[PDB]
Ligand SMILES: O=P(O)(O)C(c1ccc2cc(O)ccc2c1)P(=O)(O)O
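Here's a solo chain for you in structure tokens, the form deposited without the ligand.
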């Protein structure tokens, strides 16, 4: 049990400062890091061709929204392509993001792959050459990263293997990021697919998060220089029992309180399949939950920040301003929610 410090005091300070800036009071993260394949699905749903120019234009649309988003957006997550694209005025997109007060983030995973011998479970690849990629990304303006693991609640899932293997790969990814001055966002996503109830989600979330933080400990991860991107605890999409937002909040915050060490700087929730308003209301309820919550509780939203903007845009340039207006409004809503100031205007049961 001997210490061979992974990081010097100077490196730790850098990572903690980055993580805190990202989730500073009022702020959250725009997840605009959809891969070519995944954003294709997005463009297809508004009858728009999947071209590099259309992708650049749409990302530009979000990133150059007016300065009302500035106090709302602490970080933006980009896909590799977008990190090296430019606004119309010649400015690299990372420069655009920084000029508006946002930290630049990069998605570094290479997608999920099947775990043999399991019931449709996966782990995530992307470790190969990751240190070199992170050194390069750091040099080109990124200060944090994202890696997404995916788990499913079902009859025999998540299995012990899936839990252990996904926690392990997350820790390796985190270790490599921190060696290169990159703050890792750890995403152990538990899908909402299925008809399980709220407490089954809460139980699995608690088990998954316990495994994640044990792996991070084993791999010597500096928690203060990390963020967590979990699912909210919710019933399954097909569950018949209804729950209030207060119950979703309580279950979510209880699960986190039981597993997430206080040294973690912030929890940036994924929105999953939730509508824009639903995601905002839940995040707001979570921040109003009367329990002690010793980490920032904010958003890292893809769909829940973009759904309307993508719609209003319809792939037509003249709609640019109305689409940006849709984004800014969700940005404002979620900035309020991550402070518990959003208005549409028995713990032991957990």
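Numbering follows the first chain given and starts at 1.
Looking at 17-25 and 335-343 together, the entry lists the larger mean B-factor for 335-343, computed on C-alpha atoms.
On average the C-alpha atoms of 307-315 have higher B-factors than those of the other stretch, with 307-315 and 64-72 being the two compared.
The entry lists C-alpha B-factors for 128, 143, 193, 165, and the highest of these is at 193.
The PDB entry gives the largest Cα B-factor of the residues 217, 136, 252, 274 to 274. Per-chain ranking of the deposited C-alpha B factor places residue 237 in the highest third. The deposited CA B-factor of residue 322 belongs to the highest third of values across its chain. For residue 278, the recorded CA temperature factor ranks within the highest third of the chain's modelled residues. Sort the modelled residues of the chain by CA B factor and residue 153 lands in the middle third. For residue 109, the recorded CA temperature factor ranks within the lowest third of the chain's modelled residues.
What comes next is about the form deposited with the ligand bound, which does not appear here.
The closest non-hydrogen atom of residue 56 lies beyond 4.5 Å of the ligand in the deposited complex.
Under a 4.5 angstroms non-hydrogen atom cutoff, the ligand in the deposited complex lacks residue 26 among its neighbouring residues. The ligand is not shown here, and in the deposited complex it never comes within 4.5 Å of any heavy atom of residue 50.
In the deposited complex, residue 282 stays away from the ligand, with no heavy atom inside 4.5 Å. Every member of the trio 303, 307 and 311 reaches the ligand in the deposited complex with some non-hydrogen atom inside 4.5 Å.
Contact annotation: the ligand lies within 4.5 Å of heavy atoms from the stretch 295-303 in the deposited complex, the single such stretch among 282-290, 295-303, 313-321, 66-74. Contacts to the ligand in the deposited complex (heavy atom within 4.5 Å) from stretch 34-49: 34, 42, 45.
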